[PDB]
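A short worksheet on the structure shown next.
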Amino acid sequence: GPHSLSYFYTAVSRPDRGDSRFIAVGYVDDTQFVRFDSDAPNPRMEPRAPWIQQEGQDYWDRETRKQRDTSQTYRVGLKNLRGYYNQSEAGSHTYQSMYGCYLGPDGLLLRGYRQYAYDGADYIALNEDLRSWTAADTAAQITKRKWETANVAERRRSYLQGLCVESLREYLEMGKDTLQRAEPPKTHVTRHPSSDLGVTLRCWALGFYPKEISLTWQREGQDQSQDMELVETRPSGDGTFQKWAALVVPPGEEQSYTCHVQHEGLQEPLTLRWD
Amino acid sequence: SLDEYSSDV
Amino acid sequence: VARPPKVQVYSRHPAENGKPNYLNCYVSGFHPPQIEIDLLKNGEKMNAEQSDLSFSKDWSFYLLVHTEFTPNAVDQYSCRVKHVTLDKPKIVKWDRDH
């Protein structure tokens, strides 16, 4: 639907080694396609989906150069953050960034973002206008002033409106056989014993792509979400995803309950039940 | 494609 | 404040004794990122591949540790997770029903 290109950066201090480790990953929608790890010997941007391997050497060389530079900048940032917060070198800290573009229906930028966290807490963020920053505390206000002085916001807006969208369009065509195929869940309901006046029905959805799905239980069309167990959607290992929803029902009354599945890979919602 | 610009925190 | 991991252990396909499968330990919602995730067969650690470190919109990390396996009637599988939020290691056992 609204396709996206997103990158995720993690930098972590390692007191034991007196250095840090920078790891980046890139995704198109829910498919990881690149990684970088500064710990690798001769660290390079590396393919993680088969369709990105049709990029030539200019692409791998230039992406690698960007990450080596960025990885350096984040090592310095870790030191700076340590100072802002009056922290010693004894403990590990984490500096994260994420940015990306959401492609509208018209192939236009729907929403571009860029934000940062420190030790798991929101630190600073580019506002929706792509023109100004919101800083989370006193330390982040120093950063905000630095980045206003150097007009960083114009650099981010340029990227998110220009190369982010342009490259996403290329990836989507390059990998169209997978990134643009909606793979529908394989669904079924299982039955299991339980407790006093208790039998569990589990509605499975296996092998679907993309990750967004709706699984719910109903009795006579009345939603049972209050008493059901819904696990977080989880990766299959093969690029697809898995999820299930389970409910305890009275013994003998299995046929009163129906599991309802919505997924963009199905022409119409599914209704299924214990059989 | 990555955003090439880096800015110190 | 650190955030603890949620842990799910599951097979890639519905398990069938004697049929080759994949065993997944998916670990998510945790912070800081340092963690030890071990797939176990009868208590002994398997040499399982680990995904690249990534995170969610709320900044919490997620990892998948996974290996080939052929389930059968006797062998027991579990996933064991150590994190700073856990005073004792968390152990989730695999079963075909979850």
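Scheme for the structure tokens: letters A, B, ... for chains in order shown; per-chain residue numbers from 1; ligand numbers from 1 in order shown.
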Return the neighbours of chain A among the residues of chain B, cut-off 6 Å, counting only C-alpha atoms, as a list in words.
residues 1, 4, 6, 8 and 9 of chain B
Find the residues near residue 91 in chain C: any atom within 12 Å, counting only C-alpha atoms, skip ones fewer than 4 places away on the same chain, and give them as a ChimeraX atom specification.
/C:5-9,25,27,36-40,43,77-83,86
If DSSP is run on the backbone, what residues of range 111-190 of chain A are strand (DSSP E or B)? A reply as number ranges by chain would be ideal.
A: 111-118, 121-126, 133-135, 183, 186-190
Could you take the residues named above and write them with C-alpha atoms, as an mmCIF file, in the first residue's frame?
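Generated file (out.cif):
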data_model
loop_
_atom_site.group_PDB
_atom_site.id
_atom_site.type_symbol
_atom_site.label_atom_id
_atom_site.label_comp_id
_atom_site.auth_asym_id
_atom_site.auth_seq_id
_atom_site.Cartn_x
_atom_site.Cartn_y
_atom_site.Cartn_z
ATOM 1 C CA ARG A 111 5.734 11.239 5.372
ATOM 2 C CA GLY A 112 9.482 11.415 5.970
ATOM 3 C CA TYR A 113 11.014 11.108 9.427
ATOM 4 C CA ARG A 114 14.336 11.229 11.272
ATOM 5 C CA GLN A 115 14.648 10.795 15.025
ATOM 6 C CA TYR A 116 17.177 9.845 17.661
ATOM 7 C CA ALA A 117 17.216 8.159 21.060
ATOM 8 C CA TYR A 118 19.777 7.838 23.843
ATOM 9 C CA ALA A 121 14.701 7.442 25.406
ATOM 10 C CA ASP A 122 13.555 9.872 22.721
ATOM 11 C CA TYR A 123 16.326 12.437 22.278
ATOM 12 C CA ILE A 124 15.619 14.673 19.257
ATOM 13 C CA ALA A 125 13.350 14.481 16.239
ATOM 14 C CA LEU A 126 12.746 16.225 12.935
ATOM 15 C CA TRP A 133 13.506 20.035 15.532
ATOM 16 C CA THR A 134 11.910 18.953 18.785
ATOM 17 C CA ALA A 135 14.363 18.213 21.590
ATOM 18 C CA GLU A 183 1.366 -13.457 0.347
ATOM 19 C CA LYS A 186 -2.369 -20.091 5.532
ATOM 20 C CA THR A 187 -4.978 -20.385 8.270
ATOM 21 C CA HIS A 188 -6.389 -23.092 10.521
ATOM 22 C CA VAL A 189 -7.861 -23.612 13.999
ATOM 23 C CA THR A 190 -6.600 -26.173 16.504
#
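The coordinates place CA of residue 33 in chain C at 9.8 Å from CA of residue 84 in chain C.
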Secondary structure check, helix (DSSP H, G or I) residues of range 71-270 of chain A, as a count of residues only:
55
Students should find that CA of residue 243 in chain A and CA of residue 36 in chain A are spaced 29.3 Å
Show which residues sit within 10 Å of residue 231 in chain A, as a VMD selection string. Count only C-alpha atoms, and ignore same-chain residues fewer than 4 positions away.
(chain A and resid 242 to 246) or (chain C and resid 8 98)
Find the nearest atom pair between each residue of chain A and chain C for residues within 9 Å, count only C-alpha atoms, give distances in Å to one decimal, sort rows by chain and ascending number, and present the table as a tab-separated table.
residue	atom	partner	partner_atom	distance
A:8	CA	C:54	CA	6.7
A:9	CA	C:54	CA	8.0
A:10	CA	C:54	CA	7.9
A:12	CA	C:33	CA	8.4
A:23	CA	C:53	CA	7.2
A:24	CA	C:54	CA	7.8
A:25	CA	C:54	CA	6.7
A:35	CA	C:52	CA	7.3
A:37	CA	C:52	CA	8.9
A:92	CA	C:32	CA	8.8
A:93	CA	C:32	CA	8.0
A:94	CA	C:32	CA	7.2
A:96	CA	C:59	CA	7.7
A:97	CA	C:59	CA	8.9
A:98	CA	C:57	CA	8.5
A:117	CA	C:59	CA	7.4
A:119	CA	C:32	CA	7.2
A:120	CA	C:59	CA	6.0
A:121	CA	C:59	CA	7.7
A:122	CA	C:59	CA	8.4
A:190	CA	C:97	CA	8.2
A:192	CA	C:97	CA	8.3
A:202	CA	C:97	CA	8.6
A:206	CA	C:13	CA	8.1
A:207	CA	C:12	CA	8.7
A:231	CA	C:8	CA	8.7
A:232	CA	C:8	CA	8.9
A:234	CA	C:26	CA	6.9
A:235	CA	C:26	CA	7.5
A:236	CA	C:12	CA	5.2
A:237	CA	C:12	CA	6.7
A:238	CA	C:12	CA	8.2
A:242	CA	C:12	CA	8.5
A:244	CA	C:98	CA	8.4
Output the selection as an mmCIF file, in the first residue's frame - N, CA and C atoms for each residue.
data_model
loop_
_atom_site.group_PDB
_atom_site.id
_atom_site.type_symbol
_atom_site.label_atom_id
_atom_site.label_comp_id
_atom_site.auth_asym_id
_atom_site.auth_seq_id
_atom_site.Cartn_x
_atom_site.Cartn_y
_atom_site.Cartn_z
ATOM 1 N N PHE A 8 17.923 1.877 10.160
ATOM 2 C CA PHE A 8 17.941 1.830 11.612
ATOM 3 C C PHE A 8 19.397 1.725 12.038
ATOM 4 N N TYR A 9 19.865 2.691 12.832
ATOM 5 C CA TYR A 9 21.245 2.736 13.305
ATOM 6 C C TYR A 9 21.282 2.499 14.813
ATOM 7 N N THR A 10 22.222 1.661 15.264
ATOM 8 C CA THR A 10 22.481 1.448 16.687
ATOM 9 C C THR A 10 23.976 1.621 16.925
ATOM 10 N N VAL A 12 26.735 1.575 20.242
ATOM 11 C CA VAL A 12 26.834 1.154 21.635
ATOM 12 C C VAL A 12 28.282 1.262 22.102
ATOM 13 N N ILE A 23 26.000 -0.537 14.217
ATOM 14 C CA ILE A 23 25.295 -1.484 13.361
ATOM 15 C C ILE A 23 24.135 -0.756 12.698
ATOM 16 N N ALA A 24 24.001 -0.928 11.382
ATOM 17 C CA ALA A 24 22.889 -0.353 10.636
ATOM 18 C C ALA A 24 22.196 -1.440 9.850
ATOM 19 N N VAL A 25 20.892 -1.308 9.724
ATOM 20 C CA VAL A 25 20.129 -2.187 8.851
ATOM 21 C C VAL A 25 19.170 -1.322 8.035
ATOM 22 N N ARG A 35 22.786 -4.596 5.500
ATOM 23 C CA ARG A 35 23.305 -4.431 6.845
ATOM 24 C C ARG A 35 24.706 -3.847 6.759
ATOM 25 N N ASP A 37 28.040 -3.540 9.811
ATOM 26 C CA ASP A 37 28.510 -3.782 11.172
ATOM 27 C C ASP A 37 29.949 -3.296 11.243
ATOM 28 N N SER A 92 27.976 0.922 29.695
ATOM 29 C CA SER A 92 27.646 0.965 28.279
ATOM 30 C C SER A 92 26.445 1.874 28.061
ATOM 31 N N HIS A 93 26.461 2.619 26.963
ATOM 32 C CA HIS A 93 25.317 3.441 26.595
ATOM 33 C C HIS A 93 24.990 3.230 25.123
ATOM 34 N N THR A 94 23.776 3.625 24.742
ATOM 35 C CA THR A 94 23.253 3.354 23.403
ATOM 36 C C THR A 94 22.724 4.635 22.767
ATOM 37 N N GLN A 96 20.802 5.637 19.238
ATOM 38 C CA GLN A 96 20.085 5.082 18.088
ATOM 39 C C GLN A 96 19.522 6.182 17.186
ATOM 40 N N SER A 97 19.432 5.892 15.893
ATOM 41 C CA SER A 97 18.746 6.777 14.959
ATOM 42 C C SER A 97 17.919 5.930 14.002
ATOM 43 N N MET A 98 16.832 6.516 13.501
ATOM 44 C CA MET A 98 16.058 5.867 12.453
ATOM 45 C C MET A 98 15.489 6.952 11.560
ATOM 46 N N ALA A 117 17.422 8.550 19.678
ATOM 47 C CA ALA A 117 17.216 8.159 21.060
ATOM 48 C C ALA A 117 18.573 7.999 21.720
ATOM 49 N N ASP A 119 20.038 5.890 25.251
ATOM 50 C CA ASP A 119 19.708 4.922 26.300
ATOM 51 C C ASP A 119 18.231 4.561 26.282
ATOM 52 N N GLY A 120 17.680 4.423 25.080
ATOM 53 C CA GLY A 120 16.313 3.999 24.896
ATOM 54 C C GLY A 120 15.258 5.085 25.003
ATOM 55 N N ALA A 121 15.642 6.338 25.235
ATOM 56 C CA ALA A 121 14.701 7.442 25.406
ATOM 57 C C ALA A 121 14.770 8.397 24.225
ATOM 58 N N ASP A 122 13.603 8.840 23.755
ATOM 59 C CA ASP A 122 13.555 9.872 22.721
ATOM 60 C C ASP A 122 14.503 11.017 23.055
ATOM 61 N N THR A 190 -6.897 -24.953 15.772
ATOM 62 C CA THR A 190 -6.600 -26.173 16.504
ATOM 63 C C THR A 190 -7.325 -26.142 17.841
ATOM 64 N N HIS A 192 -7.432 -27.780 21.991
ATOM 65 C CA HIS A 192 -6.560 -28.297 23.041
ATOM 66 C C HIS A 192 -7.291 -28.302 24.375
ATOM 67 N N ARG A 202 -7.226 -22.271 19.015
ATOM 68 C CA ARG A 202 -6.139 -21.424 18.555
ATOM 69 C C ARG A 202 -6.307 -21.229 17.056
ATOM 70 N N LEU A 206 -0.329 -18.437 9.108
ATOM 71 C CA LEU A 206 1.070 -18.771 8.859
ATOM 72 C C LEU A 206 1.513 -18.325 7.471
ATOM 73 N N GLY A 207 2.730 -17.783 7.392
ATOM 74 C CA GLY A 207 3.364 -17.534 6.105
ATOM 75 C C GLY A 207 2.899 -16.306 5.351
ATOM 76 N N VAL A 231 -0.716 -13.386 20.367
ATOM 77 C CA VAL A 231 0.738 -13.246 20.434
ATOM 78 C C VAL A 231 1.193 -12.177 19.448
ATOM 79 N N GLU A 232 2.297 -11.525 19.783
ATOM 80 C CA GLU A 232 2.934 -10.613 18.846
ATOM 81 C C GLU A 232 3.269 -11.336 17.537
ATOM 82 N N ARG A 234 5.283 -12.599 14.510
ATOM 83 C CA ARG A 234 6.630 -13.124 14.653
ATOM 84 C C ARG A 234 7.146 -13.609 13.308
ATOM 85 N N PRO A 235 8.454 -13.502 13.084
ATOM 86 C CA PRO A 235 9.016 -13.853 11.779
ATOM 87 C C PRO A 235 9.047 -15.357 11.574
ATOM 88 N N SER A 236 8.730 -15.789 10.356
ATOM 89 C CA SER A 236 8.827 -17.214 10.047
ATOM 90 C C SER A 236 10.266 -17.705 9.914
ATOM 91 N N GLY A 237 11.205 -16.816 9.602
ATOM 92 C CA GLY A 237 12.541 -17.203 9.224
ATOM 93 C C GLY A 237 12.792 -17.157 7.731
ATOM 94 N N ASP A 238 11.738 -17.259 6.912
ATOM 95 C CA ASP A 238 11.876 -17.261 5.460
ATOM 96 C C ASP A 238 11.454 -15.951 4.797
ATOM 97 N N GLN A 242 4.253 -14.933 11.112
ATOM 98 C CA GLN A 242 3.317 -15.834 11.775
ATOM 99 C C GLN A 242 2.620 -15.094 12.904
ATOM 100 N N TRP A 244 -0.900 -15.988 15.948
ATOM 101 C CA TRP A 244 -2.088 -16.752 16.341
ATOM 102 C C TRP A 244 -2.861 -16.048 17.448
#
Hey, can you check how far CA of residue 94 in chain C sits from CA of residue 252 in chain A?
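For CA of residue 94 in chain C relative to CA of residue 252 in chain A, the distance reads 28.4 Å.
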What lies within 6 Å of residue 102 in chain A using only C-alpha atoms, ignoring chain neighbours under 6 positions off, as a short mmCIF file (atom, residue, chain, number, x, y, z; two decimals) with C-alpha atoms, in the first residue's frame?
data_model
loop_
_atom_site.label_atom_id
_atom_site.label_comp_id
_atom_site.auth_asym_id
_atom_site.auth_seq_id
_atom_site.Cartn_x
_atom_site.Cartn_y
_atom_site.Cartn_z
CA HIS A 3 5.53 1.54 0.73
CA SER A 4 8.43 2.66 2.89
CA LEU A 110 3.59 10.81 2.26
CA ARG A 111 5.73 11.24 5.37
#
